[PDB]
Amino acid sequence: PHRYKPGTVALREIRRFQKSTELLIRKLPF
DNA sequence: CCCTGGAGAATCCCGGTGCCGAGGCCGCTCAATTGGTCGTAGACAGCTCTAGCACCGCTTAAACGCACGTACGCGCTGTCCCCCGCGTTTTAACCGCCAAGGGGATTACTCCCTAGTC
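Every position in the first sequence, counted from 1, becomes a number in UniProt numbering once 38 is added.
Structure below.
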C-alpha cells in the first residue's frame, strides 16, 4: 500500500500551491 | 536496540512543436512651449515678546537588595478521537443536434426626379 503518513504529502502539496498563482475559486459558483 | 538495498515515486530539466500577441510600422492629432501682462504672494528685515536653561536647597516618593516562599511553564507520563489518503459515486459545466423567426444586408422592379428638341 502506497499510503504515506498524514502530512507527508501535505508539505509537497503546499509547495505546489505556493508555487502556483492561478485562480483557486471556480468562476461559476463565485 | 536502529540502518539500509531495493523500490516506488516525485523533481529538474531541456528538446520540440504550435500559437497569439508585443512590438514595430502607418496615419492623424491635440496639447506643452512661448510671446506678453499684471497683480499675488512670499522673501527680507524689524520690532517685539515669551517661554525655557541653568542654578540654587529641600522631600520624602520611588528604587534597589535580601530573604522567604511558592506555585506555574514546561517537561515527563498516558490514552483517545478524529482527520487524512484512497476508493467509489454523483453534480457540473461544454459542445454538439434540430427547426424557426429576426434582421441586416442585398439586389430586382419600378417610378418619379431630371432634362431634350420639331
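Built from N, CA and C at the ideal position, the CB exists for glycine as well.
Straight through space, the alpha carbons of residue 60 and residue 66 are spaced by roughly 16 Å. The DSSP-derived three-state label of residue 57 is helix.
In the three-state scheme derived from DSSP, where H, G and I count as helix and E and B as strand, residue 50 is classed as helix.
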